[PDB]
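Counted from 1, the sequence shown has number 714 at position 382 by the authors' numbering; the numbering is strictly sequential. C-beta: ideal position from N, C-alpha, C; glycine also. Input: a single structure, listed below in structure tokens.
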Amino acid sequence: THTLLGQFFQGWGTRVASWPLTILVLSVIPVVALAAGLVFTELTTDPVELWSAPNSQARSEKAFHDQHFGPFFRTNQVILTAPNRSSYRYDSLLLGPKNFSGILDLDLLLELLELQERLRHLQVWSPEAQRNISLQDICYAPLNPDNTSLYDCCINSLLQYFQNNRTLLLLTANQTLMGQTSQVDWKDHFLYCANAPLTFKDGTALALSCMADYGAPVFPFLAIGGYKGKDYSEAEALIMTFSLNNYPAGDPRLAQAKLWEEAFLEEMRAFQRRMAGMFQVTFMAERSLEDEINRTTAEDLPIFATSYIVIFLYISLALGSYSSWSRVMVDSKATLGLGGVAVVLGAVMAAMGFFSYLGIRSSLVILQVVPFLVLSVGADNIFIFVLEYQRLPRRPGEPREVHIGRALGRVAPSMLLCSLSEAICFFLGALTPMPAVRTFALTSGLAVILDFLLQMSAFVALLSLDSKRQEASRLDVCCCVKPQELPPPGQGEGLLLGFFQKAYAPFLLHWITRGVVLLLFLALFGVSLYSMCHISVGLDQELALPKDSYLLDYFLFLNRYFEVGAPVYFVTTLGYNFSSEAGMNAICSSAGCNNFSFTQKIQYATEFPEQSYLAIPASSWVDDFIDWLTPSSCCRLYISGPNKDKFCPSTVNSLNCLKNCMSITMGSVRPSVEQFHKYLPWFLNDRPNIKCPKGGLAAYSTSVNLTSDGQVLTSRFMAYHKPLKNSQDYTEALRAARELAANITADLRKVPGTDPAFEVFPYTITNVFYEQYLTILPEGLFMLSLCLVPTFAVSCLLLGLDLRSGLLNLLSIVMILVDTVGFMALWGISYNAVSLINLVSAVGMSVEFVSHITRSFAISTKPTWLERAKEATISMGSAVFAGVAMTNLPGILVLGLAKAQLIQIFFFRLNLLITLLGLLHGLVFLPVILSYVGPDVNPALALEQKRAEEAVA
Ligand SMILES: *[C@@H]1O[C@H](CO)[C@@H](O[C@@H]2O[C@H](CO)[C@@H](O)[C@H](O)[C@H]2NC(C)=O)[C@H](O)[C@H]1NC(C)=O
Ligand SMILES: *[C@@H]1O[C@H](CO)[C@@H](O[C@@H]2O[C@H](CO)[C@@H](O)[C@H](O)[C@H]2NC(C)=O)[C@H](O)[C@H]1NC(C)=O
Ligand SMILES: *[C@@H]1O[C@H](CO)[C@@H](O[C@H]2O[C@H](CO)[C@@H](O)[C@H](O)[C@H]2NC(C)=O)[C@H](O)[C@H]1NC(C)=O
Ligand SMILES: CC(C)CCC[C@@H](C)[C@H]1CC[C@H]2[C@@H]3CC=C4C[C@@H](O)CC[C@]4(C)[C@H]3CC[C@]12C
Ligand SMILES: CC(C)CCC[C@@H](C)[C@H]1CC[C@H]2[C@@H]3CC=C4C[C@@H](O)CC[C@]4(C)[C@H]3CC[C@]12C
Ligand SMILES: CC(C)CCC[C@@H](C)[C@H]1CC[C@H]2[C@@H]3CC=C4C[C@@H](O)CC[C@]4(C)[C@H]3CC[C@]12C
Ligand SMILES: *[C@@H]1O[C@H](CO)[C@@H](O)[C@H](O)[C@H]1NC(C)=O
Ligand SMILES: *[C@@H]1O[C@H](CO)[C@@H](O)[C@H](O)[C@H]1NC(C)=O
Ligand SMILES: *[C@@H]1O[C@H](CO)[C@@H](O)[C@H](O)[C@H]1NC(C)=O
Ligand SMILES: *[C@H]1O[C@H](CO)[C@@H](O)[C@H](O)[C@H]1NC(C)=O
């Protein structure tokens, strides 16, 4: 069946080389017709659409949350630290001698106040809206979310303890204690605040409120960072969080938030420049990561285009015959190199265009690296074809058409094998949950297929025209005005086969070198197999960005100085009867509630923050609700009047509403079903004052989704992750949170009247990205096994290879792949979707290294194994080296300047390892192992080629 394709491709090659210009036209027309569809490209840069599987669990959990509570707010942080400012001591009253940091000086706080109050009143022009966007339009106001003001926006900073009042910050009082008097300053209020932030009367001889201006308590971990435990006075970093209201991807209010974020960043860069010796400013907006990813994507297009220029230039001056110094410009193949690269770029653009016709949404991070891998695969085929056509000696009085036909018929089955193997590998690499890598894989897969279809028609027609322009004694690209003259046309043997015949093949196939090489490769396989175990599974941030980013400095500070990670909501899905006494007994953590309840379990989890990645015990709306419902003066009903048995708030101090919230309790307080359903909407819309410090509107306003009639559909309990620094930390944190949530639901599902489909799930904003890494290894190994299958299957069918031949190919592919993963674990390249699609591309590509040598060893007539190995090495080892290896390496070595750590790590280093191991195995190890245990001579395999050449000659 090999020689059948030989006959077909002989016929095809002849028929194409006979009609060059017609075939070039008929081949260019569909490429332009498909590649004109690039104008439909919907370039989506948003991280949730590229890097989350929309059918995964995390996305179903996110969808449920974002439905029942609205989406998660956009955090625009600033982490300030004064490194050169020396620590001092304070002899405070009510507390011991505290050692204060340099950052907790007064002038620095007045400078942070200036910045905070400047960013409050920041305004931007909105051309879509044709007005000035104020912060109040877009800011996340937890208290009073409808008709907000600039002094109602969620701005978490140390100076919230002084409600951003500059008079309260410079304020000093005289306090006498146990006979002795001392001057109390802002330090006393700060410390008393950082201890218990839910106070309205400071205890340090000052009637100073501790709650923020917007009316919620600021916990110390949100305001200060760099301390360790309850030693807040030694805080090294101040934090200033601007929380904006997040809206769905299609809301016209998201442009407003992003415009303000851009203005925030401009103001923060100006502020960073102004304060050089004083502060060390680091900052990010929510738009920062999407903007720093897409900045560097358009800055390394010169460094990408240079790769294809260099591959063109190598292929151009590595098929040119340099014998005499008079006909170099006639021998040099500039037209063929240019044409070959043009054909491959045609194929790539056709693929991108075809996929853009179906409305598939890509990103410039995806349409950047597609041409590289497709070209590194597609250039080798053209190189090997032209090399064979060059080496194949023309029969006497034979025309060029039949010669090109014969050369193509000779090398076409091998190129069909390569192209099919690589296309299948890419289309099996396109099973990834990540839509970005899926789009990449599918585009690359089709690009390789169209590359082959163009190489068979357009490039063969082009080679026919080049051969004609050469034989007519005209120049290459300086031709058609210059048929002048040359010395004798046909010259002797080349330098490539010269080297491979006289230096290499005798050296590699020495008495000693076979034993040494074989031993050394088995040792390398052993080391690689050992080292593959210490692979780091996870794509952390600080890789997506460049190395010159303002976000890297922010991430260094966010890792070093921060005291808690992202907040995790333990969302409770539908089918909990919260009203029942038995219901709310298993959620609360007060006197009378069940032991190992919801909040008790989270509390005890946070007691061990290293095992279960939680730093703070969960907030509880039900615990604070049954706390609110006490016979104290928090909720009271009018004893009589027009508002009889109606809620008089904690603010009014009249005698008319002296009646308590419910009856005179005889122990642990529990409201009845009617009492619960009536009094919960009051609790959730009660602002915490001095009189009643317990109130729902502050924290739990949005953490309960009531029905139209006052049934609780859902509810979320807000804990905080410990500071998560690596991708492994994020993944372990998700795993541990899920395990705890499963343990919680297991106990909550044993309550009378709970639906069995009831579930507690820990939704954090970074769940969708770091969920895949729970099961990337099994998926990856299944994928690489499914990619090793068709390689062998089609390698045994198409090439028509025997059993030993197929198994030697397979053994070599497995060896290359294990070596790649071993060196991945050594160099410090992580395991993820990007590394995985590179390894699947490697499984596909390594066939180009092994298959050519193994075939040309199989189709051999030399007496002894060593002679056949030498022949295979010299002829096809030289073709495979000069083609595959040296059209990979000049392309890869240019991506070493990419500047983006993602490409610089996963597409330079990993492809360099893949290429060099491919080279080493399929030019050092495969000749030796073929010379040892290669397949036996098949005379019919070579002798029937002559019943397939002459018959259709
Ligand atoms: C409480 O949860 C309900 C669940 O139905 C939310 O109602 C849905 O809201 C989403 C987003 O606005 C809409 O797409 C659905 O059409 C709504 N469904 C129904 C049945 O009305 C509700 O929005 C949540 N409460 C609040 C105030 O947002
Ligand atoms: C949730 O449990 C409460 C009890 O804690 C149920 O309220 C009772 O419902 C029964 C059935 O009609 C009535 O006879 C009682 O008068 C109600 N009050 C009690 C017993 O406290 C409530 O029905 C349950 N939720 C459901 C089933 O939807
Ligand atoms: C910030 O707080 C200060 C001090 O409380 C406010 O200054 C006023 O506060 C008093 C009571 O509200 C007023 O009666 C005085 O006019 C004044 N007190 C002093 C001693 O100056 C100030 O108004 C607050 N900030 C704003 C702008 O509301
Ligand atoms: C080595 C390079 C030049 C090979 C060609 C790569 C081409 C196909 C890539 C590189 C930059 C890309 C373009 C950059 C952005 C846009 C603008 C958009 O509104 C239409 C698509 C379009 C026009 C892209 C199409 C694909 C593109 C043109
Ligand atoms: C085939 C590849 C090279 C095409 C581009 C892959 C890109 C999109 C991949 C590689 C690394 C990934 C990023 C790394 C981690 C983060 C941080 C997270 O908070 C938002 C998503 C984001 C930003 C990921 C989005 C998708 C990502 C940028
Ligand atoms: C095919 C193999 C044998 C050679 C591949 C090329 C070489 C240069 C590659 C393969 C493995 C790589 C090394 C593996 C990891 C480290 C440790 C690090 O602290 C310094 C760089 C260094 C030393 C890498 C440098 C580049 C490297 C040596
Ligand atoms: C600074 O505070 C630390 C922490 O208590 C203490 O050990 C040390 O003695 C203090 N040094 C000075 C100079 O007061
Ligand atoms: C918008 O804000 C700028 C702040 O520089 C201000 O100067 C300008 O007057 C504002 N636009 C309008 C409509 O007043
Ligand atoms: C408080 O004591 C300080 C320091 O001695 C002094 O300057 C100030 O006048 C005193 N204030 C009052 C109210 O006595
Ligand atoms: C939580 O889960 C189990 C249920 O399998 C429960 O019995 C026990 O209290 C907890 N288990 C562990 C290992 O903490």
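State yes or no: is the C-beta of residue i nearer than 6 Å to some heavy atom of ligand 8?
i           : result
residue 462 : no
residue 455 : yes
Less than 7 Å between the beta carbons of residue i and residue j, yes or no?
i            : j            : result
residue 553  : residue 900  : no
residue 1090 : residue 907  : yes
residue 431  : residue 421  : yes
residue 911  : residue 918  : no
residue 750  : residue 1180 : yes
residue 467  : residue 486  : no
residue 869  : residue 1102 : no
residue 1015 : residue 957  : yes
residue 805  : residue 815  : yes
residue 545  : residue 495  : yes
residue 705  : residue 1047 : no
residue 567  : residue 597  : no
residue 770  : residue 762  : yes
residue 1215 : residue 844  : no
According to DSSP, what are the bridge partners of residue i?
i            : result
residue 1014 : Answer by DSSP bridge pairing: none, since residue 1014 is not bridged.
residue 515  : 506
residue 657  : Beta-bridge pairing links residue 657 to no other residue.
residue 431  : 421
residue 457  : 464
Would you say the beta carbon of residue i comes nearer than 6 Å to a heavy atom of ligand 1?
i            : result
residue 476  : no
residue 1037 : yes
State yes or no: is the C-beta of residue i nearer than 6 Å to some heavy atom of ligand 6?
i            : result
residue 1155 : yes
residue 1158 : yes
residue 1248 : yes
Give the single residue among the options whose Cα lies nearest to the Cα of residue i.
i            : options              : result
residue 665  : 698, 714, 690, 682   : 714
residue 977  : 854, 1010, 960       : 1010
residue 408  : 384, 578, 1137, 806  : 578
residue 507  : 535, 495, 481        : 535
residue 972  : 1172, 988, 1150      : 988
residue 1099 : 360, 388, 345        : 388
residue 853  : 1151, 829, 1274, 491 : 1151
residue 1137 : 1265, 1097, 1018     : 1265
residue 1140 : 1258, 458, 923, 1122 : 1258
residue 517  : 438, 593, 478        : 438
residue 510  : 657, 560, 426        : 426
residue 1231 : 629, 744, 445        : 629
Does the distance between the C-beta of residue i and the nearest non-hydrogen atom of ligand 7 fall short of 6 Å?
i            : result
residue 391  : no
residue 421  : yes
residue 1099 : no
residue 578  : no
residue 917  : no
Taking 6 Å as the cut-off, is the C-beta of residue i nearer than that to any heavy atom in ligand 5?
i            : result
residue 762  : no
residue 635  : no
residue 1234 : yes
Is the closest heavy atom of ligand 9 to the C-beta of residue i under 6 Å?
i           : result
residue 992 : no
residue 506 : yes
Give a single yes or no on whether residue i has its beta carbon closer than 6 Å to a heavy atom of ligand 2.
i           : result
residue 909 : yes
Using a threshold of 6 Å, is the CB atom of residue i nearer than that to any non-hydrogen atom of ligand 4?
i            : result
residue 1227 : no
Practice task
List in chain order the residues whose CB is within less than 6 Å of at least one heavy atom of ligand 10.
Solution key: 1075, 1078
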